[PDB]
Amino acid sequence: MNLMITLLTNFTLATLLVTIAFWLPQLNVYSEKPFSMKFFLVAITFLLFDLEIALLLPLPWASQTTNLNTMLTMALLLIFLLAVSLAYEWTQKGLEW
Amino acid sequence: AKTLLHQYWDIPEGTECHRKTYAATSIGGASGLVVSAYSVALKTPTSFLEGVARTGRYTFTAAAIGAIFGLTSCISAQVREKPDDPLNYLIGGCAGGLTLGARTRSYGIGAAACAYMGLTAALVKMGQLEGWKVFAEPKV
Amino acid sequence: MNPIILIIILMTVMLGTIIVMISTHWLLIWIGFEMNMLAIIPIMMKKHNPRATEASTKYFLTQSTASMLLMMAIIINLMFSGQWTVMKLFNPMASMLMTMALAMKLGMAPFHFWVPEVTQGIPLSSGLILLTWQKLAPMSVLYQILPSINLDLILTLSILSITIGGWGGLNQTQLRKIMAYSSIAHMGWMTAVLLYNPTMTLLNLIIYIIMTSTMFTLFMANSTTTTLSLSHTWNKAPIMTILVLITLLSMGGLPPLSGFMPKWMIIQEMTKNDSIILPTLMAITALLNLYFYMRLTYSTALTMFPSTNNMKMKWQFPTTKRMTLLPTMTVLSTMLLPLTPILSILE
Amino acid sequence: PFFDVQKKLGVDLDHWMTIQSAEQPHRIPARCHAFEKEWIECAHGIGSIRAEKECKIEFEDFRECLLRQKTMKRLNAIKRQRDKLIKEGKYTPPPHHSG
Amino acid sequence: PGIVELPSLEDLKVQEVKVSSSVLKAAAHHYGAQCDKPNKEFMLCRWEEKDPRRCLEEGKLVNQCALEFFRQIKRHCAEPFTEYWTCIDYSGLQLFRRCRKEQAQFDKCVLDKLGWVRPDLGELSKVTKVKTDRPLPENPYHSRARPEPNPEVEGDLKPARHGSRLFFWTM
Amino acid sequence: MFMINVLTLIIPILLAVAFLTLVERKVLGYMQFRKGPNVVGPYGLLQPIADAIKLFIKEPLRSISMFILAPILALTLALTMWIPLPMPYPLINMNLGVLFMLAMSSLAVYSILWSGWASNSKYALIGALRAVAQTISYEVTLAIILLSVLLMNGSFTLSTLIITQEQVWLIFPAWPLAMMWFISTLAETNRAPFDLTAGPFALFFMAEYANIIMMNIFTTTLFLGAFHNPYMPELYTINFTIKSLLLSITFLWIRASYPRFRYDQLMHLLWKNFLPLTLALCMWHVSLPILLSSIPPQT
Amino acid sequence: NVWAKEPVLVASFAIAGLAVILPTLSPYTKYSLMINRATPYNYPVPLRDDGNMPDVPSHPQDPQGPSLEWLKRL
Amino acid sequence: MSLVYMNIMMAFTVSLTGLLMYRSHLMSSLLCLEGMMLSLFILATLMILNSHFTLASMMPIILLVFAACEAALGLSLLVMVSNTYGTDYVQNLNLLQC
Amino acid sequence: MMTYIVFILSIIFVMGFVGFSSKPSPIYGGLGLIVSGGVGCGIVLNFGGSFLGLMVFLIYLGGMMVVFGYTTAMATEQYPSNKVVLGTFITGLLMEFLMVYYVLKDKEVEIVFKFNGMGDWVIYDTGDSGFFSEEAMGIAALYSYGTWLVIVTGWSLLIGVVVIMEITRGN
Amino acid sequence: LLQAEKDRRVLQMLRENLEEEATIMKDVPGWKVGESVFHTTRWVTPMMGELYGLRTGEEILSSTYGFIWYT
């Protein structure tokens, strides 16, 4: 709850900074007066590589176990599949401009 | 639903009159709520007031079916006094069908409603009298 | 697309349904359903019209919410007695949600609103593969989880599926909606037995799959989607007429023909219980869903509709189509009356 | 169906994700380990319906180990009796900060 | 339902080893070295019967061996043992590789004045046999008997009696 | 005392970012032939202070809830993102903190997209959408490279990292991985050569440069530094601060020199040059400890 | 050849191929297996004496059981 | 029954009704599907963490990465729908009439 | 600021789910779902929760709402309220307040269950010697045990990539 | 040693709790005083409400939720 106290203090002080930015000047003086496809490919590309990152990233917590051969095997299989997806969109001229 | 149909069959046949009609109006109001829910959720009647009108009309007709069915059920059971025939409830289902034809204002269609609702009421009383297991045994 | 890419995607449909078949775990079953969805999307929209776009949209929304409701049922099952084994559940509510999720998954009459709409605006290969494998996948799960189901759900969905698949179609002339309504009716027949003896359900599944393959192969004999095209198939070739005749009449369920065998044996192992009102209701509606079959027959197989020239132009050219396996499946799916004791092949 | 390539090749590719009480990697237990061991050893060569009939006691014991339902029921009852007697004022409680 | 068995404070009163974290952590190798020969009796008690309210005697025994151990280290060398654990104390989570000089000083202390060669790696490992007085009991899981055996349907098979015994298709 | 810790963190962020602005302006000035600024007060300190004041008294004008909600998220990230940074004794001993770095960088991407939506249907919002796309194309590279540089460190705890950096620096076992990661820090700070891109401009500007100081402090901790000697942590604090300062001056110094990319050249370069090289260096870092028999002590 | 065309690709496939193949040559994977197996986490359980084993040393000081000595000797 | 589970399942049901009834767009429907996904994730995560169900702790992360790629598929489909029109309304989908 | 902090964060969690399942404009819905994901992360980290909850927070908040708001901003407009939206919010708020009423003022709440609504520190461990986590060796499986599962997972994701490019105009 | 301390302490909590339950429910119908709700009379591990009941806030916060958000 200590970090909740930190989040609360930072949020409240930042809101006070925003209200100093807005409601400070008391001198109320004079009030006066299409999308593309290739944007969308980048987001889903990021999304699927992020999902395979989520699959990869608990690797170093796993490094203390006995079945080292299967670990190294499926780890190389995961990075290889990720690079195969990248090479697939690379050779099928997908993310090009 | 289940508890109030069990209330209806708990009322003997037998003469515990117009509680039978209360239970039958409750059954008809439930069935009218079912079919009215389908008819308002599958149509968009444009607008909400007309939807409430269609639901009230459907529930009123179905409760009228149940009411007049239970009334002539009690009338057969008190006048002719044969408690365990399918014939009285054949007459009862015909009465419910003819009053449905009255509330929809169609005559030959009301006669068809008489025929089919009387045969279904005869089936219900007849199979319940002999004892025919609903929906399943479910054993083998 | 590429042919190698289609090899890979159909391989993944095979792999997804096999993972549904093979695991004793729940997560792999849900992954198999999801991979089935993900790989069956690009088989639809194989052409480039917005018809297939809206069909794929409807299919994705219904398919996705069915998978999510299934995962809800599994997590409720582990809120109660906790293991990931595919056996009897431990909640009426979880089994209730699970049968409803599988009912949205395959298509019952409360949930059948997406099936004709997705099967119309798609090419025929997509419709064939979705019908065969999407009715093949959940029946394995139902076969495994059967001893924990309240009979009111399966019974109500089965009765309602048979009667709505009967009553729909009598206004309909598009052949894909006709075949989808027939799919709803046969899935109701496949469902109504499962709490009594599931061997009949998987046998009816085999028979219906072979019949559907023969049906859509004879609809792929040439590019036809309406009945008047079938009248042109009458005047361009005589053998397609009698083959469509016999396959339609086997979908009808007549005793000297193979499609009667799933009906009658279901009636038998139904009525070795005291169920009589249910067979007579199901069989009167099985009389009902033969009328659209019979008006298709009366249209383009035994009456002779007037045709149009340039069929004269079409007479010069051979039928250079490919058939996956047409005649084998046809005569195996029609003349299979005296092999009724191949019931026991299924154990 | 229920196909058994799972048993024909004989690979435990799925028989570790399955229940509790299997071989956890660092050999740590679950919360109701012995209850699962007793209920499974009650229900091994058992035909799945007499499993309901004749493994009732340990299955209910496992369920009330997992959810801990009646224990929370009894705890709520004791707390509400505590509330009504502190409303009464008898023995302003020496459970807290004393034995 | 069934009543419980809670042995009261009649047996639940032994004076605790009320020393703190860092001193107990820095005294650990000699604590496991000389004593903690009979605490494996306690641990074997605990794993052979997983019902504490049973092993109270050997819990008392390991408590008094720990108390005697600290008495023996208090009367003899060292007083710079106190220097050693206050050296290791304030280093956050206690890396044993921080304080080494006074580790050597305490080593020479204990070896010259009393002995106790420090247990090397991996001597606080290596699964160990020990004896008790009681034999290990059956079903510490208070388990009932087996529910039922399955009557094994076995024996050689006859051919099909009168075929399928369906409506027809005989033989 | 804990709120006093919070105040001693987030009161020098204002002075830190403002004096960072004077430092970068003076440094760019001496990179060119400029003494800018020195006239306005003693060596230009009151000029950033009073200029921040003037920026607070600008009186601007104007969807309003969205326009509220974007810079508040940006600056609360700028506040709440110096928590586990282990200037010797960190504020919160998080068991994992690097994944918290990644999550709050994604929250900064939220901030940029909310500002772009609040910009009210402009060719600027199309450009801000492109900036959101380029900013989101980097957390793949940063997470995977960060994963590899913690792989030689066992745990996510970052105190284990300050243990690992005692013998030699971690810049020597992974220098090209570190080079790619530093280019990704240039990338995440959304400054030169990686550009382009209303109010409150002081708060948004504050968020960007506190994000810069965070990335430089995290760079300095991740790859090099000094030894944590207890009962005098200020020595480590001084040496860490000097190295982080030199790295931040180098960071602005590399910004002082090169023209900015093309957007499609930026994407082309990112994917087709960093991303296979990340995967190859990362699989080599996976197979490295099994071929040196040195897996770190995951406790 | 392709060394001027996409050189970062060539270096990537080179370090990838050595990262795949290179675990086949090692005097150290057995050392990795011994380290990662012989680190105790849980409690080393006791057991009943009367199996009459010429192993399982009754004293933790006693080196009659299988242990490690190559650790301190690197 | 660990009363946080009560209103988690309640909010699940409300998320499911949000997936079902919707009147203007489809992205909001897909977003409520994502919220339902979050509900399943949270419920399974709290259960497996309560039970010390340490061996099969794969369930919440694998559940969310799979239903994540499901949502990605839904995004691509809605982009194709919005690209063959100007908008993404529930309306202008009434073609292929029944 | 009491015992029921997990319960209060659960209440705010249900508030956020009602906030976007009251059918607002979809970018407001994305805002409410960001709120919901943050407070669900708070709930799971209250159960500790150290690894998996803040883990998939990256994937859920760090990977999904950004793409949803991306596509929502670029595709359609709704460029400048209705009684149905605020009425759904009224009904959700009323059912939430009714649940608060029946929890806090009664014994138990049963829709079709048995919820004992009280201090949910139960259930919890009695401080065992875990020394890593549950989540640590938990997700530090999938590699010594997960042969089949991560293979079919990565295979499904590769098929997901090729499906996406096909739909968005393969090749 | 710590294990034996933990065992003595949890038995002490159970003994205190059952004595105070015997007082606090002295005139209620039903309520057998020592109900193991589980039929199998064995050792079962308590669930921190069986241990840390009747404490009102402080020590239950430091015990149930102490490690979970310490620092």
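FYI, it's all coordinate maths here, none of it is from the lab. Cβ coordinates were reconstructed from backbone atoms using ideal geometry, including for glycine residues, and neighbour counts include every protein chain displayed.
At a glance:
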quantity: Number of the condition not met by residue B:102 [criteria: (1) surrounded by fewer than 17 Cβ atoms within 10 Å (Cβ to Cβ); (2) within 30 Å of residue H:94 (Cα to Cα); (3) touching a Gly at 6+ places or on another chain (Cβ under 9 Å); (4) small (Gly, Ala, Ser)]; calculated: (2)
quantity: Tally, over segment G:32-74, of residues that are exposed (fewer than 15 other Cβ atoms within 10 Å of the Cβ) and either acidic (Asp, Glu) or not in a loop (DSSP other than H, G, I, E, B) (or both); calculated: 7
quantity: Enumerated helices (runs of 4 or more DSSP H) restricted to segment I:41-134, each holding at least 2 residues that are of a type in the set (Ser, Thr, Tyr) and within 7 Å of another protein chain (Cβ to nearest Cβ); calculated: I:65-75
quantity: Enumeration of residues in segment B:14-61 that are aromatic (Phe, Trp, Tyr) and under 30 Å from residue B:83 (Cβ atoms); calculated: B:22
quantity: Count of segment E:42-52 residues which are facing another protein chain (nearest Cβ under 8 Å) and buried (at least 17 other Cβ atoms within 10 Å of the Cβ); calculated: 5
quantity: Qualifying residue in segment E:103-115 (condition: aliphatic (A, V, I, L, M), assigned to a loop (DSSP other than H, G, I, E, B), within 8 Å of another protein chain (Cβ to nearest Cβ) and surrounded by 12 or more Cβ atoms within 10 Å (Cβ to Cβ)); calculated: no
quantity: Matching entry among C:107, C:121 (being surrounded by 21 or more Cβ atoms within 10 Å (Cβ to Cβ) and facing another protein chain (nearest Cβ under 8 Å)); calculated: C:121
quantity: Single condition residue H:71 does not satisfy, out of (1) out of contact with any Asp or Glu (no Cβ under 9 Å at 6 or more places or on another chain); (2) within 7 Å of chain I (Cβ to nearest Cβ); calculated: (1)
quantity: Residue match in segment C:256-267 (condition: in a loop (DSSP other than H, G, I, E, B), away from chain B (no Cβ under 14 Å) and surrounded by fewer than 20 Cβ atoms within 10 Å (Cβ to Cβ)); calculated: yes
quantity: Selection within segment E:18-34 - surrounded by fewer than 18 Cβ atoms within 10 Å (Cβ to Cβ) and among the hydrophobic types (A, V, I, L, M, F, W, C); calculated: E:19, E:23, E:24, E:28
quantity: Residue match in segment C:134-152 (condition: buried (at least 22 other Cβ atoms within 10 Å of the Cβ), more than 14 Å from chain D (Cβ to nearest Cβ) and either within 19 Å of the chain's Cα centre (by Cα) or under 27 Å from residue B:137 (Cβ atoms) (or both)); calculated: yes
quantity: Matching residues in segment F:171-201 - criterion: being closer than 17 Å to residue F:116 by Cα and buried (at least 20 other Cβ atoms within 10 Å of the Cβ); calculated: F:200
quantity: Any chance residue D:92 is more than 11 Å from chain I (Cβ to nearest Cβ) and of a type in the set (S, T, N, Q); calculated: yes
quantity: Qualifying positions in segment C:321-347 - farther than 12 Å from residue C:260 by Cα, within 14 Å of chain E (Cβ to nearest Cβ) and among the polar types (S, T, N, Q); calculated: C:344
quantity: Segment C:20-46: number of residues that are within 20 Å of the chain's Cα centre (by Cα), more than 20 Å from residue C:57 (Cα to Cα) and within 10 Å of chain I (Cβ to nearest Cβ); calculated: 1
quantity: Number of positions in segment F:96-134 that are in a loop (DSSP other than H, G, I, E, B) and surrounded by fewer than 18 Cβ atoms within 10 Å (Cβ to Cβ); calculated: 3
quantity: Out of E:60, E:129, sole residue that is part of a helix (DSSP H, G or I) and surrounded by 11 or more Cβ atoms within 10 Å (Cβ to Cβ); calculated: E:60
quantity: Enumerated helices (runs of 4 or more DSSP H) restricted to chain A, each holding at least 3 residues that are within 11 Å of chain I (Cβ to nearest Cβ) and surrounded by 20 or more Cβ atoms within 10 Å (Cβ to Cβ); calculated: A:38-56, A:59-62, A:68-91
quantity: 3 or more residues surrounded by 15 or more Cβ atoms within 10 Å (Cβ to Cβ) and within 14 Å of chain I (Cβ to nearest Cβ): qualifying helices (runs of 4 or more DSSP H) within segment D:14-82; calculated: D:56-66
quantity: Residue match in segment F:63-75 (condition: of a type in the set (S, T, N, Q), crowded, with 17+ Cβ neighbours inside 10 Å and assigned to a helix (DSSP H, G or I)); calculated: no
quantity: Residue in segment B:37-45 that is surrounded by 13 or more Cβ atoms within 10 Å (Cβ to Cβ) and part of a helix (DSSP H, G or I) present; calculated: yes
quantity: Matching residues, segment J:4-47, being assigned to a helix (DSSP H, G or I), closer than 26 Å to residue D:62 by Cα and facing another protein chain (nearest Cβ under 7 Å); calculated: J:7, J:10, J:11, J:14, J:15, J:18, J:21
quantity: Options H:8, H:48, H:42; residue that is touching a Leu at 6+ places or on another chain (Cβ under 8 Å) and of a type in the set (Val, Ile, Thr); calculated: H:8
quantity: Test for residue B:91: is it part of a helix (DSSP H, G or I), more than 11 Å from the chain's Cα centre (by Cα) and surrounded by 19 or more Cβ atoms within 10 Å (Cβ to Cβ); calculated: yes
quantity: Test: residue in segment C:59-68 that is in contact with a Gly (Cβ under 6 Å, 6 or more places away or on another chain), more than 10 Å from chain H (Cβ to nearest Cβ) and in a helix (DSSP H, G or I); calculated: no
quantity: Inter-residue pairs, beta-carbon under 8 Å, first over 18 Å from residue E:120 (Cβ atoms) and in segment E:31-43, second surrounded by fewer than 21 Cβ atoms within 10 Å (Cβ to Cβ) and hydroxyl-bearing (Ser, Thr, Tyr), 6+ apart; calculated: E:41/E:132; E:43/G:43
quantity: Lone qualifier among C:247, C:330, C:319 - being within 21 Å of residue C:187 (Cβ to Cβ) and of a type in the set (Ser, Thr, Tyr); calculated: C:247
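A quick yes/no check of all residues on (1) of a type in the set (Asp, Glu); (2) more than 21 Å from residue F:243 (Cα to Cα); (3) in contact with an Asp or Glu (Cβ under 9 Å, 6 or more places away or on another chain):
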{"residue": "F:93", "(1), (2), (3)": "no, yes, no"}
{"residue": "F:104", "(1), (2), (3)": "no, yes, no"}
{"residue": "F:108", "(1), (2), (3)": "no, yes, yes"}
{"residue": "F:119", "(1), (2), (3)": "no, yes, no"}
{"residue": "F:127", "(1), (2), (3)": "no, yes, no"}
{"residue": "F:179", "(1), (2), (3)": "no, no, no"}
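To keep it simple, each residue is scored yes or no on (1) more than 7 Å from every other protein chain (Cβ to nearest Cβ); (2) of a type in the set (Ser, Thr, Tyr); (3) under 30 Å from residue C:116 (Cβ atoms).
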{"position": "H:25", "(1), (2), (3)": "no, no, yes"}
{"position": "H:35", "(1), (2), (3)": "no, no, no"}
{"position": "H:38", "(1), (2), (3)": "no, no, no"}
{"position": "H:67", "(1), (2), (3)": "yes, no, yes"}
{"position": "H:79", "(1), (2), (3)": "no, no, yes"}
{"position": "H:85", "(1), (2), (3)": "yes, yes, yes"}
{"position": "H:93", "(1), (2), (3)": "no, no, yes"}
{"position": "H:97", "(1), (2), (3)": "yes, no, yes"}
